[PDB]
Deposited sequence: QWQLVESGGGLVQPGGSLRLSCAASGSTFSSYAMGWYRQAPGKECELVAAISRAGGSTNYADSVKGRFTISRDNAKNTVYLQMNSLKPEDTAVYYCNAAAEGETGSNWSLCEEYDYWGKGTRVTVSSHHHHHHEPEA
């Protein structure tokens, strides 16, 4: 309903996450894709300006993931290429804070949606 697109893949595989926001103010917000890896803390993965002009990526992910948005459909996308086992996590869509060098609001939210689970493992077949 909000987050979709997750699944179980081989290392080096790809996935596309979608986040559909129901609200009229979507265009007024920078948005971020966040993740909570099994046993780890909240982490901002990628964030995107209100308009799409500027982006921001965690170092772990630059070159492999691309965040985009479609304000006409109220949707944020995360294209995840060349997936690694360390990318295994539940991924969540939420607001972010545009900044000059975007930034995480991990510590200002206590409610997240259901998210969408991503698992990257060799053992899969």
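Provide the list of deposited-sequence positions lacking C-alpha coordinates, grouped into contiguous ranges. Those parts of the chain that were deposited but carry no coordinates are 1-3, 105-106, 131-137.
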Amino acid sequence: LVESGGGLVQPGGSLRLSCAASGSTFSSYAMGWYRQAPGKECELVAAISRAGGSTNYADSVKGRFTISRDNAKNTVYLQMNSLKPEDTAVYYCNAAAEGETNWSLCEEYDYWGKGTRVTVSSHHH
From here on, numbers count along this sequence of modelled residues.
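Give the stretch, out of 72-80 and 88-96, with the larger mean C-alpha temperature factor in the deposited entry. Stretch with the greater average CA B-factor: 72-80.
Averaging C-alpha B-factors over each stretch, which comes out higher, 30-38 or 54-62? The entry gives the higher C-alpha B-factor average to 54-62.
Among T25, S104, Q10, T116, which carries the highest Cα B-factor? Highest CA B-factor of the listed options: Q10.
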